[PDB]
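Reviewing the structure listed below.
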Amino acid sequence: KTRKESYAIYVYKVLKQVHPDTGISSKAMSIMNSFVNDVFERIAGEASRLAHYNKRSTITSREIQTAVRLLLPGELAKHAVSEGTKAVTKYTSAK
DNA sequence: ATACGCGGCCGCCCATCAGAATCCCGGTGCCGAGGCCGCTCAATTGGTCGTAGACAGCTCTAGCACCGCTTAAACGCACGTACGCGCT
């Protein structure tokens, strides 16, 4: 049949996590995927840009790390890094 | 010819039977997590090769600092004009 994949499974549990027996319209659901896919290119594209400025050829986590910092304002940014840094840190701990 | 009787009418308080209306319990429809699921094609798994890029060595630009002769530019103040802004 057709494809047209989306992030619907990811957005839904997140909302469950923050009000479990709280609801949503089928119109705000796409707004959400539209919103995510939009932020996706915003961050990953910028990573691509720096990589081939100061003369290197792969994109790691550090770059995102840097990228994120100047893409967003002071207070959210730090918490965001923190969360980000740990999630992965744990990831490696396992293996 | 002349006087007595009364008759249903009626206001009265006083009695009976049905209807209206509030409270004691209700069914119904809408919304949103759930479950079920299944054919399957994208991620994961185990695996090879090679190449970017970390890293250490090196040298070799240019960013810093610092100074003093020179002076243009900033400063602060004095005076009034011609706008900001208030009213009608």
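Be aware that the first sequence starts at 28, since it is given in the entry's author numbering, and climbs by one per residue.
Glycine included, every Cβ here is placed at the ideal spot set by N, Cα and C.
- By the C-beta density criterion, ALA94 is buried, having at least 16 other C-beta atoms within 10 angstroms.
- Burial state of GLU90 is buried, judged by a 10 Å Cβ sphere holding 16 or more other Cβ atoms.
- For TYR39, the enclosing alpha helix (DSSP H) begins and ends at 35-45.
- The three-state reading of DSSP puts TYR118 in helix, counting H, G and I together.
- When the Cα atoms are used, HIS46 and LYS40 turn out to be separated by approximately 10 Å.
- Spatial neighbours of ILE70 in its own chain (CB-CB distance under 8 Å, excluding positions within 5 residues in sequence) are listed in chain order as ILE91, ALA94, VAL95 and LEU98.
- Annotation for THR85: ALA78 place their beta carbon closer than 8 Å to its own, counting only its chain and skipping 5 residues before and after.
- For the set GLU110, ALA35 and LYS28, the Cα lying nearest the Cα of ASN60 is the one of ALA35.
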